[PDB]
Amino acid sequence: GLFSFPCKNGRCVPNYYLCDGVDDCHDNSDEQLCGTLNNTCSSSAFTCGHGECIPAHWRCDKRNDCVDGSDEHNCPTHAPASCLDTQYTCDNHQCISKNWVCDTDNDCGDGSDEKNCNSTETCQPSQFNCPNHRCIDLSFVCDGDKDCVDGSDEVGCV
Amino acid sequence: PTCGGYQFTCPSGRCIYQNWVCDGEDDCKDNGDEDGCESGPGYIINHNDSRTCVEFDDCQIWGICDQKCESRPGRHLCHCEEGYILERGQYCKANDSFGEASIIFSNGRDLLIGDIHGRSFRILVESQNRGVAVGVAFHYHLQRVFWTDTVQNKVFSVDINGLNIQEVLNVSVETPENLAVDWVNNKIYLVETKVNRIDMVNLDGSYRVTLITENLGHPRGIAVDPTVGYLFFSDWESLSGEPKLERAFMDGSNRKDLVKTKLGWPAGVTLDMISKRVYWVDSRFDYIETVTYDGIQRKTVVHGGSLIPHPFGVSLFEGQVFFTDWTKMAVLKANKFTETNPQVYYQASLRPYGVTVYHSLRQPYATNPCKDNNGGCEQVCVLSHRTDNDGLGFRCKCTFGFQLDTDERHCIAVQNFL
Ligand SMILES: *[C@@H]1O[C@H](CO)[C@@H](O)[C@H](O)[C@H]1NC(C)=O
Ligand SMILES: *[C@@H]1O[C@H](CO)[C@@H](O)[C@H](O)[C@H]1NC(C)=O
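Its PDB header names cryo-EM as the technique used to obtain the model and reports a resolution of 3.3 Å.

Asker: Kindly report on the overall build of chain A, identifying the contributing residues and their values.
Answerer: The secondary structure content of chain A amounts to one helix and six strands. Relative to a compact globule of 158 residues, whose C-alpha radius of gyration would be 15 Å, chain A shows 24 Å and is clearly more extended. Taking the principal axes of the C-alpha coordinates as reference, chain A spans close to 70 × 35 × 25 Å. Here the analysis covers contacts within chain A between residues at least 6 apart in sequence; of these, 12% occur between residues at least 24 apart.

Asker: Explain the sheet that holds strand β14 (residues 176–182) of chain B to me, and be specific about the residues and the numbers.
Answerer: Residue and element names in this part refer to chain B. Strand order in the open sheet formed by four strands is β14-β15-β16-β17, with antiparallel pairing between adjacent strands. Edge positions in the sheet fall to β14 and β17 (208–212), since each has one partner strand and no second. If you compare each strand with its neighbour and ignore which way they point, the axes differ by 25° on average. Of the pairings in the sheet, the one linking β14 to strand β15 (residues 187–192) comprises five bridges and is antiparallel in character. Bridged to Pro-176 within β15 is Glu-192.

Asker: Pulling in residues and values, what's your account of the state of the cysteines?
Answerer: Applying the stated criterion to the full structure yields 19 disulfides over all chains. Each sulfur in the disulfide pair A:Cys142 and A:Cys157 lies 2.0 Å from the other. With the S-S bond torsion at -80°, the cross-link from A:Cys142 to A:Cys157 turns out left-handed. Of this pair, A:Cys142 sits in the segment after β6 (95–97) while A:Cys157 sits in the segment after β6; the two residues are 15 residues apart in sequence, bridging distant segments of the chain. Residue A:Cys157 is classed as partly exposed on the basis of its relative accessible area of 37%. Bridging B:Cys10 to B:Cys28, the disulfide has an S-S length of 2.0 Å. Within this pair, whereas B:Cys10 is found in the loop between β1 (7–9) and β2 (15–17), its partner B:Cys28 is found in the loop between β2 and β3 (69–71), the two being separated by 18 residues in sequence. One exposure class covers both B:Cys10 and B:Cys28, and it is buried. Unpaired in this structure, A:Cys12 has its nearest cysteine sulfur neighbour in A:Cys7, at a distance of 7.1 Å.

Asker: Tell me what's going on with the sheet that holds strand β24 (residues 287–292) of chain B, and back it up with residues and numbers.
Answerer: Residues and elements named next belong to chain B. Pairing in this open sheet of four strands is antiparallel, and the strands run β22-β23-β24-β25 from one edge to the other. The strands lining the two open edges of the sheet, one partner per strand, are β22 (266–272) and β25 (299–303). On average, adjacent strands in this sheet sit at an angle of 20° to one another, irrespective of strand direction. With six bridges connecting them, β22 and strand β23 (residues 277–282) associate as antiparallel partners. Its bridge partner being in β23, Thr-270 is matched across the sheet by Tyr-279.

Reading the values: rules and limits
Residues numbered from 1 in each chain as written, not as in the entry; some residues may be left out. Chains lettered and ligands numbered in written order. Part of a larger assembly, values for the part shown. Heavy atoms only, no water. Residues with missing side-chain atoms left out of burial classes, pairs and counts. Helix = DSSP H or I, 4+ residues; strand = E, 2+ residues; numbered from the N terminus. Rg over C-alpha atoms; globule rule 2.2 N^0.38 Å. Contact = heavy atoms within 4.5 Å. Pairing = 2+ DSSP bridges. Axes fitted to C-alpha atoms, helices over the stretch in contact; angles between N-to-C directions. Disulfide = S-S within 2.5 Å. Buried < 20%, exposed > 50% of the residue type's maximum accessible area, 1.4 Å probe, protein only.

What follows is the structure, encoded as structure tokens:
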């Protein structure tokens, strides 16, 4: 149609997806051969130095998405913000539930939820206790998930 | 041999059905059956004795010798095999003749190779197009390193230097987690978690065959022992919701659960071929255990939440085991027998997935029965247990679109499948 961008494979696509950053047409034609003066990339398509347009999700990811490195050439300050009392602030400023803290689980990418947990040999009030294993969440006590190696959870769950 | 490949050898010398190894009944009068499946000392010590030190037992101590132990009447001899230089009378370090071992691991995106001592860490290959490397495997004789990329849905091979990157599979491998390389038969064993199947291909991807898919729910680890013709893999969530670390012949003929106790999330599997043991890490329960090839003498190497919070992959070499942990995002290092504190061999910002030790000893040479004119097979010659197939040790399997003929060596076109 008039508002549908034709593609090399024969499929059609709305002209919005043309240079939007993602190849909505499965032949990549909507993003292929774009970035020129006539081929104005969309706002969602973060253009790099050599007309290298990448999705806005790739604005400042750790991955060097484009060879020019404009995704990594400049990056703004993060959003520190804050978290609730129940939430735990991980080093990457991610709010994390207390039960997810110290559970031998990389629940928040940086892993600070589990950083320096051996200092205490007991368990949290909201976390059940698997002596041989860990301080699993109290929800696991009777959830059918024998998280405790000893099977301390799922005991007396009538 | 008198005892069959799919049978457990009693001390008396009688073969026992493989599922009976830890069935729960002492089928072996010698009590060899059910010999300490559960995971729960000294010499000069005189138990209730003034000076009568306990005789204990020669070469019966977990960790007495890094390798085969020669039992002496009042002492022990820590014998070391070929290519292994004895050290301190208790450790079997490698022979300097072979080059230094290399710990090939994935930081989370790129594939890194470093010296076993950890002095330097160069990048063997960087995954492109936003891809990430997950599993690693190598063929030392050909100096090739194989790694899978789940994001790119491709499997790549490269030279040890970091050149001549080749693409072996990119058709249907959407999420290949781990790999195992049969150096003896030049076969690659692949674990595909997208459709929960285990496929075996040549080093060039010439022939593809799916081997084990009866009840795979979430395969996570794989390991092959070409010398004995075995195949070990782990599933952390089967179809029946039952994790099943399983031993099977290389062709997946006699499937048999290996560990049936305290198996939370069996993630990684590695084989100590010298001591004939299976080392598997559990991400859920937080423990790296060790049982024999028959799953008999279960030993807990490292346990505890803090020490090993969330292991994914483990590789063994000499008296050291290298296991990667997701929670700590580090390639930790531990003793083969028992370690009270993991050693941080390397740490990465991303979660490491693969780990292997690149060394000649890791892949001992052995005869390949398929060398005899492709084992007489019209198509893929797959090795099996040495005892299997009248002792020939190999089976004929047909690629996709072909069916084994009555002779079991030829391949006719397929007829009917739903
Ligand atoms: C170790 O390698 C050397 C060659 O460098 C060889 O002569 C020797 O037999 C090998 N094994 C032992 C046990 O030294
Ligand atoms: C896989 O890679 C080979 C070699 O580059 C190539 O010839 C083939 O077309 C590729 N197939 C897919 C599915 O990408």
